[PDB]
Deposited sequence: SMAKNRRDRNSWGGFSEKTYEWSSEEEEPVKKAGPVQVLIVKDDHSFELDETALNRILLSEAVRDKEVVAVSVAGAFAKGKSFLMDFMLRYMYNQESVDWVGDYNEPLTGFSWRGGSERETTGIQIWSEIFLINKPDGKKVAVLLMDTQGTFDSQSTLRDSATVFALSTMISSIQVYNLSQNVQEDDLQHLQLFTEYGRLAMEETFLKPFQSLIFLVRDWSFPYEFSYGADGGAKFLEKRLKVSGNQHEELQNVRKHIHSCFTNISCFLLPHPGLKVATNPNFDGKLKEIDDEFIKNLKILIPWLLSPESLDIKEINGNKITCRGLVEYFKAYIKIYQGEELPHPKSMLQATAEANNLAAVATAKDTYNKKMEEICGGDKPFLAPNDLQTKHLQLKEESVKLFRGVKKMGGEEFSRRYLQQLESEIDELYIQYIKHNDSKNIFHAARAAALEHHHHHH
């Protein structure tokens, strides 16, 4: 009755207006099992019909069986099948080596608005490119560069985490070998300071905006894959050198040691908090660097509101799950001040005056809960 599958959370509509399916986003990210888990947000983005869903379906095979030597698979390819973002409804909980259980969210990003949105949300952004990295391909990164400068004016903390140029159908395998090492060699050459003055500046600045930039060169997958849209054939019908490098690529993106937890201004993000980033970014969607930065600070403060409120809520439920009215008030005022202190201790963006508004929202939401608890205790 219940089965994982792709869920449309962002849709472009026919009037060219973007809409966020908050109900669907909440249903997937606010489940009891994942809401408080730190999240790795994985996105595959790029031009239409360049093999993104095909890649993601192999990413699914690995995620569902990370510990299997045969995870890759005559087994047909299933999973992800215009403009928008689809997310996989199974938020994978993966054991990290440090003892954390992290949430892993996969997003298929199929427009510059959708591309900017997925990059702001992601902590691993796979930029899927066909055959080569073109100047237009780098020009798309320029707004992220300019947002990064404004964000870093007063801190050394970078706004973005991992970016991967995944070059499909690679053409030059002698000088730049298939895989990550040839890709790094190639990317260094392509990024070497130029071209149009705007593209010189993207090259100068891009490494300052991203914690990790890398590049993987993938072979052509063979005629059968290249020619049939719904390629329902054997793994034996896929080029063997493609499969060899695919088996390296996917754990290189997604192994437990590889998963990069989303973080902003030093704060690890939870699935609960990540919803606040979707909601703040959808409102500004191209926007200005200042509008992008203000949306980031707003989500950053609201993620702290959500964390402090949930803390007060679960500790109060543990208390009302009959107490004297003044013992219920005293415990309320104590737990409320603890959540207030929790919120004040978070390193939040925007400045004290900016954050005062969100502290007052926190206090109001906490008082809303308290009145519910009194009614539950009067009963």
Query raised in the report: Where does the model skip over parts of the deposited sequence?
Result: 1-29, 103-104, 113-120, 150-160, 245-246, 338-341, 378-381, 440-458
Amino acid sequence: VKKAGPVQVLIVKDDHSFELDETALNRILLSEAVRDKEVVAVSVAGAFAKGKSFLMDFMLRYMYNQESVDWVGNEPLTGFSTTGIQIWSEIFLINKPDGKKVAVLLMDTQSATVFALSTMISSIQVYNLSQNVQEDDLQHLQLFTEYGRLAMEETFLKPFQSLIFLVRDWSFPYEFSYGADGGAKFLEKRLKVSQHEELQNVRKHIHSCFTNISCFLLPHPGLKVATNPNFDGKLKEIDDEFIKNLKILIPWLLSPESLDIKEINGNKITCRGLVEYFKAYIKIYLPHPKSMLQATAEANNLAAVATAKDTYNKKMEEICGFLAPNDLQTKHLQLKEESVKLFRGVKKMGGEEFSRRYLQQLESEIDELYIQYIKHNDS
From here on, numbers count along this sequence of modelled residues.
Query raised in the report: For the stretches 352-360 and 16-24, which has the higher mean C-alpha B-factor as given in the deposited record?
Result: 16-24
Report summary line: Higher of the two mean Cα B-factors (224-232, 174-182; per PDB record) comes from 224-232
Report summary line: Max C-alpha B-factor within the set 55, 316, 33, 47 falls on 316
Requested in this report: Choose from 260, 153, 241, 198 the residue with the greatest Cα B-factor as stated in the PDB record.
Outcome: 198
Query raised in the report: In terms of the chain's CA B-factor thirds, is residue 206 lowest, middle or highest?
Result: middle
Query raised in the report: Taking the entry's C-alpha B-factors for this chain, is residue 276 in the lowest, middle or highest third?
Result: lowest
Report summary line: The third of the chain into which the C-alpha temperature factor of residue 266 falls is the middle
**Report entry** Entry-reported Cα temperature factor of residue 283, expressed as the chain third it lands in
**Finding:** middle
**Report entry** Ranked C-alpha temperature factor of residue 192 among modelled chain residues, by third
**Finding:** highest
